[PDB]
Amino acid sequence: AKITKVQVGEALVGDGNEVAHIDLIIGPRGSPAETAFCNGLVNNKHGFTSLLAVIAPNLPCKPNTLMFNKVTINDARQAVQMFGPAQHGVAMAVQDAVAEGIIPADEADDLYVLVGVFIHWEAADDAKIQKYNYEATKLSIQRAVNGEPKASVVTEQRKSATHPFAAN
């Protein structure tokens, strides 16, 4: 056991225009994570195509991971960022999580990961896109895998948190 149900993770890492913000879901075979993984892959639309995360072509990360963008992709520059530095970052994060035991190795062939990726339209430095997404994805997985933050923990610190875009 360990990851026996759907868990949701999230994390924002970085700064500048390359800042990464990952919204993530992970779950086992037979769970809604598997259903959304399949429903997600077959459904592409203009500006939003979902693809399997791969460390490189012919080397997908395992557990199977589906990546989808949040910001509308209007040109090749945006498409390559999403499926170049960000994809490699997300995929390496997933595989490093397995290597480090965060995602148990003996569960990796029966889990599905869904990763929502943020790339501001002014992002420019590939190295940062790749690093921040690697870090945000890894943090999201670590959190999701432990069901964190627990509701009691969020309740306790809700009043001290600061949302960047809050009216205040």
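Just count from 1 along the sequence shown to find any residue number.
Annotation for 109-117 versus 124-132: the higher mean temperature factor (C-alpha) is found in 124-132. Taking only CA atoms, the mean B-factor in the PDB entry is higher for 149-157 than for the other of 5-13 and 149-157.
Comparing the listed residues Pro57, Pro63, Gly30, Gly40, the entry records the largest Cα B-factor for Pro57. Per the PDB record, residue ranking by Cα B-factor puts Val80 in the highest third of the chain.
In the deposited entry, the Cα temperature factor of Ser50 sits in the middle third of values across the chain's modelled residues.
In the deposited entry, the Cα temperature factor of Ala97 places it in the lowest third of its chain's modelled residues. Per the PDB record, residue ranking by Cα B-factor puts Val90 in the lowest third of the chain.
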